[PDB]
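The figures that follow rest on heavy atoms only: side chains count, while hydrogens, waters and symmetry mates do not. Labels below follow one simple rule: chain letters A, B, ... track the order of the sequence lines, proteins then strands, and each chain is numbered from 1.
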2 protein chains.
Amino acid sequence: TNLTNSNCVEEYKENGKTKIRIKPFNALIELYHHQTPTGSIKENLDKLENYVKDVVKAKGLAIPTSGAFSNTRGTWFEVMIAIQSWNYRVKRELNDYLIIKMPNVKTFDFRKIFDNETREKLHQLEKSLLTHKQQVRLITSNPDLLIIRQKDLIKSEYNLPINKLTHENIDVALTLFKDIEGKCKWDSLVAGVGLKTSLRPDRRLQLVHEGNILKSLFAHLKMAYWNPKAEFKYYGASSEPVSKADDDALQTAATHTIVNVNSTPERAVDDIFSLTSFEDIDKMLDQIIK
Amino acid sequence: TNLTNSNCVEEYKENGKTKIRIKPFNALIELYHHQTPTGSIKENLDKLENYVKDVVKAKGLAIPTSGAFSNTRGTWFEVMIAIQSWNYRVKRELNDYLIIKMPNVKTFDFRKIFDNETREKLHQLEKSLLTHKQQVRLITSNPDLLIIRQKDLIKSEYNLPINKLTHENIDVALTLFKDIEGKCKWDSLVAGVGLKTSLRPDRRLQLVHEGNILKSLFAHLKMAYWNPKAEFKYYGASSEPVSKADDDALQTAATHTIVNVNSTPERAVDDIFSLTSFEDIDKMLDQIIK
DNA sequence: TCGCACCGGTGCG
DNA sequence: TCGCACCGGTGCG
Ligand SMILES: [Ca+2]
Ligand SMILES: [Ca+2]
Ligand SMILES: [Cl-]
Ligand SMILES: [Cl-]
């Protein structure tokens with residue numbers, strides 16, 4: 001019952017008023033410092049939410065808003081996937097694959113992953129797209145997970161599994177991206193994944209935009225290197241059931257692949273996964289990689 | 001002070017519990033039955049929100065959630081733009097232009113606007129995109145406003161201005177789409193507009209997806225009819241200031257226009273408007289149409 | 001200071 | 001019954 005000394009919430013000052021802030025990572029640690037989560041993802045998210053809700057209540061404080069939990073639930077789901085993806089490549093012994101949880105585009109633009117030769121190809125494109133009366137760009141939010149196949153990137157440190165959630169464990173999973181800055185050959189990036197706790201008819205179109213933009217960058221790289229064999233695939237994943245409507249929407253073409261009558265149409269999002277249990281995270285990775 | 005007899009909120013039964021529901025149209029009528037809104041849009045939205053908030057408070061009831069107001073504010077902004085667009089074409093005497101507020105994709109798929117010859121061209125595309133091992137589609141939410149140039153579509157009934165907000169006035173603005181079912185030639189549709197009370201780094205990419213998909217449908221129509229002169233433009237509009245970041249994101253290419261080194265890159269969203277006052281709605285329409 | 005990216009809770013047909 | 005499309009309120013660097 002010692003909820004009163006929890007640190008999953010945090011008081012702070014704003015306009016002479018004490019304000020409340022959820023600490024999402026702290027909530028993870030306090031519930032999982034002995035054992036990372038198992039069973040139903042959706043149920044674990046609610047357990048985390050009802051924990052903080054009990055911490056505030058016993059502390060005498062105001063309930064955080066629905067917006068605060070949306071932000072927080074998004075992080076819980078991402079950290080859960082990241083950690084389970086870290087452990088997947090260990091127990092499967094995939095010594096040439098990395099599954100990386102990416103930060104936001106300002107912290108680390110995903111194009112920074114690539115080597116010099118490829119970063120300049122992309123810069124040739126970027127620069128040429130601005131050299132017109134009407135300036136154009138190619139912008140999107142960072143993919144949530146990147147799957148990279150490149151042997152020389154794996155170090156022995158990565159083969160140690162994460163059995164418990166600590167500030168230090170979460171930090172290595174969430175800074176792994178740093179190790180690969182500059183080192184990737186263009187055709188080593190093999191897939192990306194967009195993660196959402198839930199979908200909505202509007203928010204689900206964000207996955208399509210993302211895949212469309214990434215594949216467009218990649219189609220350009222296929223051309224510059226004149227390599228028709230290399231592929232980049234993009235995927236969505238939800239913590240809820242995926243309806244038929246969600247399915248139809250996520251069948252939307254990568255529009256540059258439908259210009260001519262003889263082109264093979266390509267989907268922007270190759271597939272959408274409904275992650276009910278942690279087991280399903282393993283199942284999804286099986287399809288993506290193999 | 002007679003807030004107690006307002007109908008902008010409405011009690012209803014759910015699991016033996018009386019629940020509260022905002023009636024957004026009713027709020028509009030009760031505040032604007034003598035005079036449609038003028039001045040600052042953003043301020044009028046807050047006036048509508050503080051009206052309902054005062055109605056519930058004086059009635060003794062629970063405050064509607066932040067989600068309820070998001071849904072409601074979205075409608076207020078749309079009805080305001082629609083009505084002001086109705087009056088724009090009247091006072092400007094544009095006898096060959098319609099600016100139509102569109103409903104959702106299930107109520108009225110926007111492709112229903114087109115004549116038979118064009119609806120079959122689109123069906124040839126739709127059918128061909130499914131005739132592959134990997135089924136693909138072209139899906140998006142309905143554009144908020146359509147701008148259509150076709151003389152034979154204007155009737156004298158449309159030239160009467162809307163000076164006050166009544167259930168009957170709002171209804172004609174919101175059912176105008178019905179009049180044009182089947183009657184549009186492909187190159188009569190000249191622009192679309194996506195309307196948002198506010199932007200966010202994720203929600204703003206929805207405008208890009210939309211414009212990308214619409215222009216892709218249109219590029220196909222340009223090809224089938226072999227007409228290089230016809231254009232379709234797509235625009236965004238916010239009720240808040242538009243930052244530089246919002247601007248950069250909305251400079252994103254329509255990806256099918258950047259495949260070859262000699263193609264002229266096209267933006268998915270041709271421009272983004274910050275609508276501070278009702279006057280700005282008139283200004284935007286001036287740029288779009290002329 | 002603000003930009004990024006998160007997602008639930010609606011009103012309505 | 002649910003699918004559509006709406007958008008604010010965050011935690012954090
Ligand atoms: Ca995501
Ligand atoms: Ca809109
Ligand atoms: Cl195991
Ligand atoms: Cl006037």
Side-chain angles (χ1 to χ4, degrees), chain A residues 8-10 12 19-27 45 49 64-79 102-109 139-144 174 194-206 210 238-241 243-246 248-249, chain B residues 8-10 12 19-27 45 49 64-79 102-109 139-144 174 194-206 210 238-241 243-246 248-249:
Chain A
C8 72
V9 290
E10 188 198 65
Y12 74 97
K19 273 250 217 149
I20 206 69
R21 163 198 291 141
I22 308 176
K23 307 292 295 181
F25 299 115
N26 279 2
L45 294 163
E49 179 153 340
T65 68
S66 161
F69 283 112
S70 287
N71 169 309
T72 292
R73 284 169 76 85
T75 290
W76 292 331
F77 191 56
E78 286 164 18
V79 180
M102 302 289 284
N104 80 50
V105 81
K106 280 320 140 218
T107 305
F108 191 87
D109 189 343
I139 296 187
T140 186
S141 39
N142 254 5
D144 294 319
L174 300 185
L195 301 166
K196 289 168 156 8
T197 53
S198 56
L199 296 179
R200 288 291 180 275
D202 62 332
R203 293 194 288 98
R204 76 184 167 204
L205 296 181
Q206 192 188 115
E210 182 89 285
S238 177
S239 82
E240 284 192 354
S243 65
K244 181 191 186 301
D246 294 329
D248 302 348
Chain B
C8 72
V9 290
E10 188 198 65
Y12 74 97
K19 273 250 217 149
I20 206 69
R21 163 198 291 141
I22 308 176
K23 307 292 295 181
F25 299 115
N26 279 2
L45 294 163
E49 179 153 340
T65 68
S66 161
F69 283 112
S70 287
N71 169 309
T72 292
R73 284 169 76 85
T75 290
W76 292 331
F77 191 56
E78 286 164 18
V79 180
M102 302 289 284
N104 80 50
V105 81
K106 280 320 140 218
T107 305
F108 191 87
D109 189 343
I139 296 187
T140 186
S141 39
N142 254 5
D144 294 319
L174 300 185
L195 301 166
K196 289 168 156 8
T197 53
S198 56
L199 296 179
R200 288 291 180 275
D202 62 332
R203 293 194 288 98
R204 76 184 167 204
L205 296 181
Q206 192 188 115
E210 182 89 285
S238 177
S239 82
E240 284 192 354
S243 65
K244 181 191 186 301
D246 294 329
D248 302 348

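A:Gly67 comes within 4.0 angstrom of a base, heavy atoms only. Contacts of A:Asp109 with the nucleic acid, taken as non-hydrogen atoms under 4.0 Å apart, are absent. Residue B:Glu240 is classed as having no contact, given no heavy-atom separation below 4.0 Å to the nucleic acid. At a threshold of 4.0 angstrom between heavy atoms, the contacts of B:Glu210 with the nucleic acid are absent. At a threshold of 4.0 angstrom between heavy atoms, the contacts of A:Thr107 with the nucleic acid are absent. Heavy atoms of B:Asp248 sit nowhere under 4.0 angstrom from any nucleic acid atom. Among the heavy atoms of the strands lying under 4.0 Å from A:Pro24 are primed sugar atoms or P, OP1, OP2 only; no base atom is included.
Each of B:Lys196 and B:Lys106 was matched to the nucleotide of DNA chain D holding its nearest heavy atom; the match closer to the 5' end belongs to B:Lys106. Residue whose closest nucleotide on DNA chain C sits further toward the 5' end, between B:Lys19 and B:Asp246: B:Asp246. Checking B:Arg21 against B:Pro201, the closest nucleotide of DNA chain C that is more toward the 5' end is the one next to B:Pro201. With DNA chain D read from its 5' end, the first of the two nearest nucleotides for A:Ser243 and B:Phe69 is the one closest to A:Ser243.
With hydrogens and angles ignored, no donor-acceptor pair under 3.5 angstrom links the side chain of B:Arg200 to the base of C:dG3. For B:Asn71 against C:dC12, a side-chain-to-base donor-acceptor contact under 3.5 Å is absent. At a cut-off of 3.5 angstrom, the base of C:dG8 holds at least one donor-acceptor pair with the side chain of A:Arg203.
One axis for each end of the helix from C:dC2-D:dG13 to C:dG13-D:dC2, each built from five base pairs, and the angle between them comes to 30° at 10° resolution.
When every heavy atom of A:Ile139 is checked against every heavy atom of B:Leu205, the shortest pair comes out as O-CD2, 4.3 Å. Of all the heavy atoms in A:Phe108 and A:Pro103, the pair that sits closest is CB-CG, 3.6 Å. Nearest approach of A:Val105 to A:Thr140, heavy atoms of both residues: CG2-O, 4.2 Å.
Across the protein-nucleic acid pair, B:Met102 atom CE and D:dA5 atom P stand 11 Å apart, rounded to whole Å. Straight-line distance from the CG atom of A:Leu199 to the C1' atom of C:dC7: 11 Å, rounded to whole Å. Rounded to whole Å, atom P of C:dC6 lies 17 Å from atom CH2 of A:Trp76. A straight line from CG of B:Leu174 to P of D:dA5 spans 15 Å, rounded to a whole angstrom. The separation between B:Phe77 atom CZ and D:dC7 atom P is 8 Å, rounded to whole Å. Whole-Å rounding puts the A:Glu10 CD to D:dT10 P distance at 15 Å. Following rounding to the nearest Å, A:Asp144 (CG) and C:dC6 (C1') show an atom-to-atom distance of 9 Å. Note: CG (A:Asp202) to P (C:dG8) measures 13 Å, nearest angstrom.
Counting heavy atoms from C-beta on, the side chains of A:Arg203 and A:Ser198 come closer than 4.5 Å. Within the 4.5 Å cutoff, no side-chain heavy atoms of B:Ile22 are placed close to those of B:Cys8. Counting heavy atoms from C-beta on, the side chains of A:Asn104 and A:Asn142 never come closer than 4.5 Å. Counting heavy atoms from C-beta on, the side chains of A:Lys196 and A:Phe77 never come closer than 4.5 Å. Side-chain contact between A:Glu240 and A:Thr197 is absent, with no heavy-atom pair separated by less than 4.5 Å. Annotation: side chain of B:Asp144 is in contact with side chain of B:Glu78 (closest heavy-atom distance under 4.5 Å).
Using modelled atom types, one side-chain atom of B:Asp246 and one backbone atom of B:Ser243 make a donor-acceptor pair closer than 3.5 Å.
Groove atoms closer than 5.0 angstrom to the side chain of A:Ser70 belong exclusively to the minor groove. For B:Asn104, base contacts fall in the minor groove; the major groove has no atom under 5.0 Å of its side chain.
Taking side-chain N and O atoms only, A:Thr75 has no distance below 4.0 Å to OP1 or OP2 of C:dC6. The shortest distance between the side-chain N/O atoms of A:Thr197 and the OP1/OP2 oxygens of C:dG8 is below 4.0 Å. Between B:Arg73 and D:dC6, a side-chain N or O to OP1/OP2 separation shorter than 4.0 Å is absent. Of the side-chain N and O atoms in A:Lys244, none sit less than 4.0 angstrom from OP1 or OP2 of D:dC2. Checking the phosphate oxygens (OP1, OP2) of D:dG8, a side-chain nitrogen or oxygen of B:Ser198 falls inside 4.0 Å. Applying the 4.0 Å criterion to OP1 and OP2 of D:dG9, one finds that A:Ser66 has every side-chain N and O outside that range. Side-chain N/O atoms of B:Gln206 include none lying less than 4.0 angstrom from OP1 or OP2 on D:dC7.
The nucleotide whose nearest atom lies closest to any side-chain atom of B:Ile22 is, among D:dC12, D:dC6, C:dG11, C:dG11.
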